[PDB]
Structures are given as C-alpha cells and as structure tokens.
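For reference, my_file_9.pdb is printed below; it contains PDB, C-alpha atoms.
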MODEL        1
ATOM      1  CA  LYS A   1      84.898 103.218  94.438  1.00  0.00           C
ATOM      2  CA  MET A   2      85.371  99.793  96.079  1.00  0.00           C
ATOM      3  CA  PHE A   3      83.483  96.595  96.957  1.00  0.00           C
ATOM      4  CA  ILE A   4      82.850  95.503 100.568  1.00  0.00           C
ATOM      5  CA  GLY A   5      81.784  91.859 100.957  1.00  0.00           C
ATOM      6  CA  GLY A   6      80.627  90.529 104.347  1.00  0.00           C
ATOM      7  CA  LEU A   7      77.936  93.058 105.345  1.00  0.00           C
ATOM      8  CA  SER A   8      75.435  92.131 108.094  1.00  0.00           C
ATOM      9  CA  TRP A   9      71.794  91.493 107.093  1.00  0.00           C
ATOM     10  CA  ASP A  10      71.024  94.679 109.069  1.00  0.00           C
ATOM     11  CA  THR A  11      73.756  97.028 107.769  1.00  0.00           C
ATOM     12  CA  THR A  12      73.124 100.446 106.162  1.00  0.00           C
ATOM     13  CA  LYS A  13      74.895 103.138 104.099  1.00  0.00           C
ATOM     14  CA  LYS A  14      75.347 105.068 107.369  1.00  0.00           C
ATOM     15  CA  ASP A  15      77.064 102.548 109.679  1.00  0.00           C
ATOM     16  CA  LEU A  16      79.177 101.399 106.702  1.00  0.00           C
ATOM     17  CA  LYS A  17      79.899 104.905 105.375  1.00  0.00           C
ATOM     18  CA  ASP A  18      80.859 106.148 108.852  1.00  0.00           C
ATOM     19  CA  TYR A  19      82.847 103.014 109.659  1.00  0.00           C
ATOM     20  CA  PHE A  20      84.710 103.963 106.481  1.00  0.00           C
ATOM     21  CA  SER A  21      84.751 107.679 107.357  1.00  0.00           C
ATOM     22  CA  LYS A  22      87.906 106.897 109.379  1.00  0.00           C
ATOM     23  CA  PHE A  23      89.864 106.229 106.166  1.00  0.00           C
ATOM     24  CA  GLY A  24      88.812 109.376 104.283  1.00  0.00           C
ATOM     25  CA  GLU A  25      85.709 111.098 102.862  1.00  0.00           C
ATOM     26  CA  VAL A  26      82.891 109.212 101.093  1.00  0.00           C
ATOM     27  CA  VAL A  27      80.474 110.407  98.427  1.00  0.00           C
ATOM     28  CA  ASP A  28      78.645 107.082  98.236  1.00  0.00           C
ATOM     29  CA  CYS A  29      78.150 103.817 100.174  1.00  0.00           C
ATOM     30  CA  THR A  30      75.630 101.106  99.333  1.00  0.00           C
ATOM     31  CA  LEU A  31      74.635  98.047 101.400  1.00  0.00           C
ATOM     32  CA  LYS A  32      73.139  94.897  99.825  1.00  0.00           C
ATOM     33  CA  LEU A  33      71.862  93.234 103.024  1.00  0.00           C
ATOM     34  CA  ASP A  34      68.213  94.385 103.188  1.00  0.00           C
ATOM     35  CA  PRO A  35      66.776  92.185 105.934  1.00  0.00           C
ATOM     36  CA  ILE A  36      63.258  93.573 105.342  1.00  0.00           C
ATOM     37  CA  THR A  37      63.080  93.794 101.524  1.00  0.00           C
ATOM     38  CA  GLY A  38      64.602  90.303 101.174  1.00  0.00           C
ATOM     39  CA  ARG A  39      67.229  92.194  99.141  1.00  0.00           C
ATOM     40  CA  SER A  40      70.193  91.145 101.305  1.00  0.00           C
ATOM     41  CA  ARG A  41      73.018  90.125  98.935  1.00  0.00           C
ATOM     42  CA  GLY A  42      75.436  89.638 101.856  1.00  0.00           C
ATOM     43  CA  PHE A  43      77.602  92.642 100.869  1.00  0.00           C
ATOM     44  CA  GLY A  44      77.547  96.368 100.044  1.00  0.00           C
ATOM     45  CA  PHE A  45      79.767  98.917  98.263  1.00  0.00           C
ATOM     46  CA  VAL A  46      81.839 101.929  99.345  1.00  0.00           C
ATOM     47  CA  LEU A  47      82.822 105.007  97.324  1.00  0.00           C
ATOM     48  CA  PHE A  48      85.464 107.294  98.865  1.00  0.00           C
ATOM     49  CA  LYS A  49      85.916 110.901  97.708  1.00  0.00           C
ATOM     50  CA  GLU A  50      89.709 110.764  97.164  1.00  0.00           C
ATOM     51  CA  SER A  51      92.234 108.181  95.910  1.00  0.00           C
ATOM     52  CA  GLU A  52      94.585 108.482  98.904  1.00  0.00           C
ATOM     53  CA  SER A  53      91.562 107.738 101.121  1.00  0.00           C
ATOM     54  CA  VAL A  54      90.692 104.573  99.161  1.00  0.00           C
ATOM     55  CA  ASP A  55      94.253 103.190  99.043  1.00  0.00           C
ATOM     56  CA  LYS A  56      94.384 103.680 102.832  1.00  0.00           C
ATOM     57  CA  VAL A  57      91.317 101.543 103.645  1.00  0.00           C
ATOM     58  CA  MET A  58      92.825  99.054 101.163  1.00  0.00           C
ATOM     59  CA  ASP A  59      96.195  99.057 102.964  1.00  0.00           C
ATOM     60  CA  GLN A  60      94.714  96.627 105.507  1.00  0.00           C
ATOM     61  CA  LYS A  61      91.540  94.630 104.741  1.00  0.00           C
ATOM     62  CA  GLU A  62      91.497  93.364 108.322  1.00  0.00           C
ATOM     63  CA  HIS A  63      88.364  95.372 108.935  1.00  0.00           C
ATOM     64  CA  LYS A  64      85.417  94.513 111.210  1.00  0.00           C
ATOM     65  CA  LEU A  65      82.130  96.443 110.880  1.00  0.00           C
ATOM     66  CA  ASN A  66      78.693  95.318 112.141  1.00  0.00           C
ATOM     67  CA  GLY A  67      80.671  92.832 114.268  1.00  0.00           C
ATOM     68  CA  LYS A  68      82.055  91.107 111.148  1.00  0.00           C
ATOM     69  CA  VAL A  69      85.044  91.599 108.802  1.00  0.00           C
ATOM     70  CA  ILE A  70      84.590  92.528 105.108  1.00  0.00           C
ATOM     71  CA  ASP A  71      86.223  92.214 101.672  1.00  0.00           C
ATOM     72  CA  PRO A  72      87.328  95.587 100.317  1.00  0.00           C
ATOM     73  CA  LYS A  73      88.179  95.697  96.593  1.00  0.00           C
ATOM     74  CA  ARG A  74      88.402  98.083  93.648  1.00  0.00           C
ATOM     75  CA  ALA A  75      84.755  97.521  92.708  1.00  0.00           C
TER      76      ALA A  75
ENDMDL
END
Final structure tokens representation of the file:
Amino acid sequence: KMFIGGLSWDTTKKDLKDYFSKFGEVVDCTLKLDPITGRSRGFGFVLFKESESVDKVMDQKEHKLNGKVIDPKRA
C-alpha cells in the first residue's frame, strides 16, 4: 500500500486507480477529496497488488494526475 498526497477535490478511486494502473495492478485505491461530502482531505491512498508494481510507481514520484502532481509513499 502507499500514500498519495495532492489529490484534486474532485478525484475518485477510479481516475486514481487507473492512473496508477500503468505501474501495476491495484486491489485498493482511496481518495480523500470529497468535494460534495466536505470530506476532502486533499489526498488519497493507493494499494497495488504486487511489490514490484509499487516500487515502480515509487521509482519516480514526478507524477501528475487530475492535472496535479502527488506524493507517493509507503503508507
């Protein structure tokens, strides 16, 4: 699992999970940016299915989803 900081107030587990589907497989992907439930924490989480897939997305944190970069970490 990992932590992705810098999610857009209108992000979702789909656009973030798919954006991360290019690194490997994902069993989970949360997004704390609820623009409707006032539950937007400004970041979400990502949970890949394999270790090699996680290390890859961590090889370069110069990401850019929702039109904004993020902060990938080991949760």
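Nearest residue to residue 20 (chain A), choosing from A:74, A:39, A:32, A:64 and counting only C-alpha atoms: A:64.
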- [ ] Kindly give the distance, in Å, that separates CA of residue 48 (chain A) and CA of residue 60 (chain A), rounded to a single decimal.
- [x]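 Those two atoms sit 15.6 Å apart.
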Task: Ref. answer, residues at most 8 Å from (86.1, 93.5, 102.8) with all atoms listed in the file, as a PyMOL selection string - done: chain A and resi 3-6+61-63+69-73
Task: CA of residue 52 (chain A) to CA of residue 21 (chain A), straight-line distance in Å - done: 13.0 Å
Open item on the list: Please report the interatomic distance between CA of residue 10 (chain A) and CA of residue 43 (chain A) in Å with one decimal.
Closed with: 10.7 Å
Open item on the list: Just checking: using all atoms listed in the file, which residue out of A:15, A:54, A:47, A:65 ends up closest to residue 29 (chain A)?
Closed with: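 Result for the nearest residue to residue 29 (chain A): A:47.
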Return as lines of an AutoDock Vina configuration file the box centre and box size in Å, one decimal, for an axis-aligned box around all listed atoms of region 33-50 of chain A padded by 8 Å per side.
center_x = 76.4
center_y = 100.3
center_z = 101.5
size_x = 42.6
size_y = 37.3
size_z = 24.8
- [ ] Run through the PyMOL selection byres ((chain A and resi 40) around 10) on the given coordinates and return the selected residues as a list in words.
- [x]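 With the shown file as input, the PyMOL selection byres ((chain A and resi 40) around 10) matches residues 7, 8, 9, 10, 11, 31, 32, 33, 34, 35, 36, 37, 38, 39, 41, 42, 43 and 44 of chain A.
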Open item on the list: Quick one: residues within 8 Å of residue 75 (chain A), all atoms listed in the file, excluding same-chain residues fewer than 5 positions away - as a PyMOL selection string?
Closed with: chain A and resi 1-3+45
Produce a file of the selected residues containing C-alpha atoms, as a PDB file, in the coordinates of the input.
ATOM      1  CA  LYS A   1      84.898 103.218  94.438  1.00  0.00           C
ATOM      2  CA  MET A   2      85.371  99.793  96.079  1.00  0.00           C
ATOM      3  CA  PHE A   3      83.483  96.595  96.957  1.00  0.00           C
ATOM      4  CA  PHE A  45      79.767  98.917  98.263  1.00  0.00           C
TER       5      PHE A  45
END
